[PDB]
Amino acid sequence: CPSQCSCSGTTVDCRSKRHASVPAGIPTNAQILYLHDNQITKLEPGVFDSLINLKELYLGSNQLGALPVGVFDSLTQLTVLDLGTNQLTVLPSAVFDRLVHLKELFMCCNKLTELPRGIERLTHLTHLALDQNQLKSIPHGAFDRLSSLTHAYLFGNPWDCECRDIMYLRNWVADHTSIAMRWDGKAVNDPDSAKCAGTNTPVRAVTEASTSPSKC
């Protein structure tokens, strides 16, 4: 068992141990790896390659500024991926590609400005968390294939209701009011939680006429 970690069968728990990098010696039979709440500043190319039976991976609350290309390619059985509370800005376009069975994707509280490419194809997603980033909008159709969504976290983004290309997210929240969630120390259903930048007005209440294709 790795230094400053605890191991119980297939669970490897290294949360809250001031790790400055992913620790060597992680058992390859591990199905759950808690690495959240450290100050891991980078992931080494290949760091997870050996862990091909991994099902849940938590990397929340670290110092991740970037993800290496293919860092998650080995984890074809992965169902939970938590990346919330890092310093992420841009992701590699195919970083989620192999995660065809992913059900929970947590990415809150980073510095994202566009929806990361790939999210569109993760059809088994039940949870998707994008709250507290810097997204101005959502590309048209990005949620079409995500027909298993029960929780969507969209609050705390500078949504741009001036632009007509908010109308997808507008329409989408109105059509899925029940999966629209805010966070009150837990999950709370709130179709209004997603709000326009500046005005603090609910995104789903945005009117077709109130927008302009020439103000984006």
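In this text, residue numbers run from 1 along the sequence as written.
**Q** May I ask you to compare 155 to 163 and 26 to 34 by their mean CA B factor in the entry and name the higher one?
**A** Stretch with the greater average CA B-factor: 155 to 163.
**Q** Mind pulling up the entry and telling me whether 6 to 14 or 202 to 210 has the higher mean Cα temperature factor?
**A** Higher mean C-alpha B-factor in the PDB entry: 202 to 210.
**Q** Between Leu88, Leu81, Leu122, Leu128, which one tops the list for C-alpha B-factor in the PDB entry?
**A** Within the set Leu88, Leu81, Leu122, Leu128, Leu88 shows the top C-alpha B-factor.
**Q** Would you mind ranking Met107 by its C-alpha B-factor against the rest of the chain and naming the third, lowest, middle or highest?
**A** It falls in the bottom third of the chain.
**Q** Taking the entry's C-alpha B-factors for this chain, is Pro139 in the lowest, middle or highest third?
**A** Highest third.
**Q** Based on the entry's values, in what third of the chain does the Cα temperature factor of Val47 lie: lowest, middle or highest?
**A** Lowest third - that is where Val47 ends up once the chain's C-alpha B-factors are sorted.
**Q** Ordered by C-alpha B-factor within the chain, which third holds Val95? Give me lowest, middle or highest, please.
**A** For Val95, the deposited C-alpha B-factor lands in the middle third.
**Q** Based on the entry's values, in what third of the chain does the Cα temperature factor of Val69 lie: lowest, middle or highest?
**A** It belongs to the highest third of the chain when residues are ordered by C-alpha B-factor.
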